[PDB]
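>>> got a sequence here, can you model it:
(2 chains)
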Amino acid sequence: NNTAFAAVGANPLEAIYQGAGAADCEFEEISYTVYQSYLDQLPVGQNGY
Amino acid sequence: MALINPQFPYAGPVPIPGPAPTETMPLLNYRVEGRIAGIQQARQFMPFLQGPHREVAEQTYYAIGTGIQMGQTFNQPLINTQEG
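Numbering: from 1, shown residues only, chains lettered A, B, ... in the order given. The structure is reproduced below:
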């Protein structure tokens, strides 16, 4: 709540919203989901991988 | 039979804290001499008989005699004078 809501005149570089009513803005929830993309079934020679 | 990771290999085991080395060594337990106690009786008053039994019963016999055999008064036939 100290990063994403910049006032009128503030630096909007790392904000998400900016306006005259940005003092009374509040996050409610943030959800994240991480997916790992990898390769399985790796080929194996006579000297290992 | 694991495959060696060439990007992230590891070395052999390093020393770690140990479990006080004499406390993993046991004593050898020291048997004294023993005795099956008492003077044993020679025989036992058993609740079952130790011999064979018979499945079926067979009828036994003994011989007897009859008596003094007497004579008889027979009814005697008629004379065969060509009627018979």
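>>> rest of the way, CA atoms for contacts and neighbours
Fine.
>>> for chain A, what's its nearest residue on chain B.
residue B:3 (5.8 Å; CA to the nearest CA).
>>> the nearest residue to that residue once chain neighbours are set aside bridge partners, please.
With sequence-adjacent residues excluded and distances taken as CA to CA, 6 or more residues apart in numbering or on different chains, residue B:3 is closest to residue A:48, at 5.8 Å. Beta-bridge pairing of residue A:48 under DSSP bridges involves residue A:45.
>>> quick one: neighbours of residue A:48, just the number.
The burial count assigned to residue A:48 is 11, neighbours taken as other CA atoms under 10 Å in any protein chain shown.
>>> right, and it touches residue B:2 too?
No - between residue A:48 and residue B:2 there is no contact under CA atoms under 8 Å: 9.0 Å.
>>> hang on, the residue of chain B closest to chain A packs against residue A:45?
No - counting by CA under 8 Å, residue B:3 sits too far from residue A:45 to count as a contact (10.6 Å).
>>> okay, the two: which has more neighbours?
residue B:3 (9 against 6).
>>> write out the residues of chain B neighbouring chain A.
B:3-5 (CA under 8 Å from any CA of the partner chain).
>>> the residue of chain B closest to chain A: which element?
Per DSSP states H and E, residue B:3 falls between elements, in no helix or strand.
>>> tell me how many other residues surround residue 26.
Reading this off chain A. As a burial measure, residue A:26 scores 11 neighbours (other CA under 10 Å).
>>> hmm, I had chain B in mind actually
7.
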